[PDB]
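Structure record follows, encoded as structure tokens.
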Amino acid sequence: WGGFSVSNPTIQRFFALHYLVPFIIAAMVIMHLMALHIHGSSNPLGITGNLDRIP
Amino acid sequence: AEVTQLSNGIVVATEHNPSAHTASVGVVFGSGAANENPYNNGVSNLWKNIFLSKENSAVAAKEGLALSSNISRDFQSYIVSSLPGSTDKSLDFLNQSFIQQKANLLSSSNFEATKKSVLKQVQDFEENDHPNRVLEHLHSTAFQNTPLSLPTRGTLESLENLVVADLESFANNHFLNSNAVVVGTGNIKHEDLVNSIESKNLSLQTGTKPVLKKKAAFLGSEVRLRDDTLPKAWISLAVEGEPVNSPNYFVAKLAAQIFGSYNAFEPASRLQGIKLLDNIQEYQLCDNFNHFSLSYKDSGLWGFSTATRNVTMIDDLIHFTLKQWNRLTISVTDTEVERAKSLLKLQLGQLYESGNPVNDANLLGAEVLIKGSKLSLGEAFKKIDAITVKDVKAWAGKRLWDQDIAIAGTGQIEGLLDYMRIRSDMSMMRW
Ligand code: HEM
Ligand SMILES: CCCCCCCCCCCCCCC(=O)OCCCOP(=O)(O)OC[C@@H](O)COP(=O)(O)OCCCOC(C)=O
């Protein structure tokens, strides 16, 4: 809180953190894509897709 | 160096050469593999081998006579060779054993022995000759459901159900005086050949061959024959081209000569003035390629064929080659045109002035069957020297720029991308 209740110090700190966390989500989205590039995507049948690929 | 044609109901063409040591005499017909149907495909290839069987070649060898034959899509040939003072014996053999009597050749024992050897020829071709079977597959996807699609050797399945009746039917319909040309090359004079023919009478059959229902049509498509156990990838790619007796016949040949042919292992072939070579040699994406411009009575093909061991960079090879083609519409220079002029003259100057009279006879008979006359080599050169940059750009803007393609491939072709990413490379976007 920064005090004894939800007050002015609470609302000013919640806005500065609210601007920040979107840029942390973006950095986790890049790490998410790196882990997909290793094995690529799956498919609705649940078997290998290395025999027929499209760019 | 001039040919002479006469007609008596029988056309007789001749290119006399007094300084040769042999003479060739034969008959050429105007029906090929594009004059048969999917049921009797290969009947012409089986006619060639009945002509070249043992007991007919033995009878010719006792007299000092050699035999030859050839099957193509528009024509067939049956040729006899001899020493220059033995040409009347050549005509007699061609009369007796071929046009008049053939019950000797179509016997029950000679037919089975011939069929066994031809089946082994075709089976061997389909398992070991990879550059040539991919070009045959290109013809079959480009012209599918049309007479110019059928292979010249025949197919192993259609070739098994043939009988002697199929041969006799095909002979009665296509081996006819209206569909025939009698040729003579080497040391043979026109008057002597004319005199020897009228001393006999020499007619095969009358005429009225069948008309072909369907006309040839090009269709953009692909066929992939994947085999991961072979050590290379073989690919051929083309567009629709020019037929014989077209105004753009020599301009399409000059354009193929601009990009030419390549062998990576020959040192002098790496030094040719071809701008495509500046792109391939740095990573060595191929072993060889060759550009072709094929022409028939109804249509044609223009393109290239290649073989490579670098199976992870196929997409770079196709991409760089198709971008060079785009320059024929936009930015082809004058130096590239003057080079291809003089190398095209050397090419067809060696094809039409070799020393073999057998090749002369096949060329002469095929040209006279279509045009009624042969264009001399001094005339063809003048047409080639009159081509300009504007003629090339006008031809390419109509035949190459954003046009459909046909593709065939075999071997390790995982790296060959889909149709529409290759089709998109036929235009630039940056013009
Ligand atoms: C900002 C949020 C996210 C973004 C931008 C994102 C992006 C992507 C993209 C572009 C793909 C490519 C394949 C596809 O579209 O299915 C993908 C796949 C995948 N994502 Fe996400 N993702 C996000 C959140 C999540 C979440 C919340 C989960 C699970 C809790 C998740 C799990 C997966 C999985 C398992 C795949 C692979 C599916 C497959 O290949 O079958 N992602 N993601
Ligand atoms: C033991 C002693 C240690 C003491 C020292 C303490 C220091 C500790 C921290 C060290 C610093 C971190 C190491 C540096 C590092 O990993 O990144 C810097 C290198 C460049 O980053 P990158 O991962 O190559 O780019 C990241 C790339 O490789 C991945 O690309 P991707 O984002 O997956 O592609 C998506 C783009 C698609 O394009 C679009 C968006 O359309």
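Letters go in sequence order (proteins before strands), and every chain restarts at 1. Note that these values count all heavy atoms, side chains included, but never hydrogens, waters or copies made by symmetry. As the structure lists them, so they are numbered: ligands from 1, and atoms in each ligand from 1.
The nearest protein atom to atom 13 (C) of ligand 1, hydrogens excluded, is given as A:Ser41 OG, 3.9 Å; this is a heavy-atom distance. Atom 6 (C) of ligand 1 has as its closest protein heavy atom A:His32 CD2, 4.0 Å. With hydrogens left out, the protein atom closest to atom 10 (C) of ligand 1 is A:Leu33 CD2, 4.1 Å, a heavy atom. Among protein heavy atoms, atom 35 (C) of ligand 2 sits closest to A:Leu33 CD1, 4.3 Å. The closest protein non-hydrogen atom to atom 39 (C) of ligand 1 is A:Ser42 N, 4.0 Å. The nearest heavy-atom contact from the protein to atom 4 (C) of ligand 1 is A:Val29 CG2, 4.4 Å.
The aromatic ring centroids of A:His18 and A:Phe14 lie 6.0 Å or more from each other. Aromatic pair B:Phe304/B:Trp325: ring centres closer than 6.0 Å.
The presence of a protein heavy atom under 4.0 Å from atom 32 (C) of ligand 1 is confirmed. At least one protein heavy atom sits closer than 4.0 Å to atom 20 (N) of ligand 1. Not a single protein heavy atom sits closer than 4.0 Å to atom 35 (C) of ligand 1. At least one protein heavy atom sits closer than 4.0 Å to atom 1 (C) of ligand 1. Proximity of atom 16 (O) of ligand 1 to the protein is not indicated, since no non-hydrogen protein atom lies closer than 4.0 angstrom. For atom 25 (O) of ligand 2, no protein heavy-atom neighbour is found at a distance under 4.0 Å. There is no protein heavy atom less than 4.0 angstrom from atom 21 (O) of ligand 2.
Electrostatic pairing of B:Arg73 and B:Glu136 counts as a salt bridge here, judged by a charged N lying under 4.0 Å from a carboxylate O. Using a 4.0 Å cut-off between charged side-chain N and carboxylate O, B:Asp315 and B:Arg421 make no salt bridge.
With hydrogens and angles left out, the side-chain atoms of B:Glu379 and B:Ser376 include no donor and acceptor closer than 3.5 Å. Under the 3.5 Å distance criterion, with hydrogens and angles disregarded, no donor-acceptor pair is assigned to the side chains of A:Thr10 and A:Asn8.
A distance-only check finds no donor-acceptor pair linking the side chain of B:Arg399 to the backbone of B:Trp395 [under 3.5 Å].
For the side-chain contact (heavy atoms from CB on, under 4.5 Å) criterion with B:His319, the lone passing option out of B:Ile422, B:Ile314, B:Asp425, B:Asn279 is B:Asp425.
Each of the atoms 33 (O) of ligand 2 lies under 4.0 Å from some heavy atom of A:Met34. Close approach of ligand 2 to A:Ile30 (heavy-atom distance below 4.0 Å) involves ligand atoms 32 (O), 33 (O).
Annotation for B:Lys116: atom NZ does not count as buried by contact number, only 12 or fewer foreign heavy atoms lying within 6.0 Å. Environment of CZ in B:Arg309: sparse, with no more than 12 heavy atoms of neighbouring residues, nucleotides or ligands closer than 6.0 Å.
At a heavy-atom distance under 4.0 Å, only side-chain atoms of A:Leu36, from C-beta outward, approach ligand 1.
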